[PDB]
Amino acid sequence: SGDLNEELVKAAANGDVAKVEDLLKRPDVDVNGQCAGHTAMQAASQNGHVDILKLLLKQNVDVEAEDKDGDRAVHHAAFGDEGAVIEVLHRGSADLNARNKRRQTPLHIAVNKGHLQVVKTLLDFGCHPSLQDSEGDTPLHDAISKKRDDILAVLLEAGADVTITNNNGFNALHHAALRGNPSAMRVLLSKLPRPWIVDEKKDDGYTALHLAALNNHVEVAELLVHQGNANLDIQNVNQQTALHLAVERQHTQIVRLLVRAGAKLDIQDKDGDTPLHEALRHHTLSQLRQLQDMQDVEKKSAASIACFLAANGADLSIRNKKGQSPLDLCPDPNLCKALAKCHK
């Protein structure tokens, strides 16, 4: 009798404790019935109706019952902001670590939906703070993605692990640096289990500081440098430093930050190029494309970066594998004159 299941589930969703009581007094009422795949336990858990949940628990209900997505009562409670539901389900022996089809724990959902009290109640009951979902993402990753800064701090107090990498190979710091999340990075850097975690490399050799420089995240990069004491001169697999990546993408504020912080300037990449090489190359290529468009039918910024590097001590003579010095990549005579003038 799907009508009676519908009535039970709807009363539970709405909080009609009287109606639920009268229904449970009947022999033709299924306490595990599903109306549109939704049980009364899931309804009452999602809507916060602790008293209805307690009556259901009296009736030997199946507590570990999934829906079509693998969501149990605990997962539906995480769609709400009532920690009391977590306490009742935990007293009822529900598994607070259960995975749905996407392998999300209730903690994952609570994080994603920004429900601080339920996140904290889960953590206080001892749920594991760093499990991984189908995409490899931990609750810390989620908290960074959805900009839940208070939840991120709470997770880190419960011992959520910054080192676990998602399927894409990003740990919590890498992920905050890709997303350009300064306030998440500030908390993360306050909670490092060991200092050198700031310099941990992805498989491609990218550190968090590489990611922040490459994507022009100035505050993230300031935090890494000055709050995390990030090593400025680490080289990715391509042997590029963060200063190489900032010059390649013409992120002048990142250039300034790295140089003023003391970044080495003459490190060479796989091709033998220094940052100065690459700034001059970009200048010349802009000039070439200008003269090519004029003869058919951004160069200021590159010049400015090159002069900054020179003024701060960049070697003008280092030779790459093709044997060419930085000046050999700059045919512009005026720019060469400017580089020599603001040097030594």
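The first residue of the sequence shown is number 1, and the count goes up from there.
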| item | value |
| --- | --- |
| Chain break class at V297/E298 - deposited residues not modelled | 10 or more |
| Higher-scoring stretch by recorded Cα B factor average, 139 to 147 or 78 to 86 | 78 to 86 |
| Entry-level comparison of average CA B-factors, 67 to 75 and 234 to 242, reporting the higher stretch | 67 to 75 |
| Assigned third (lowest, middle, highest) for the C-alpha B factor of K120 | lowest |
| Third of the chain, ranked by Cα B-factor, where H251 sits | middle |
| Entry-reported Cα temperature factor of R91, expressed as the chain third it lands in | highest |
| Among modelled residues of the same chain, the CA temperature factor third for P275 | lowest |
| Within-chain third of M41 by Cα B-factor, per the entry | highest |
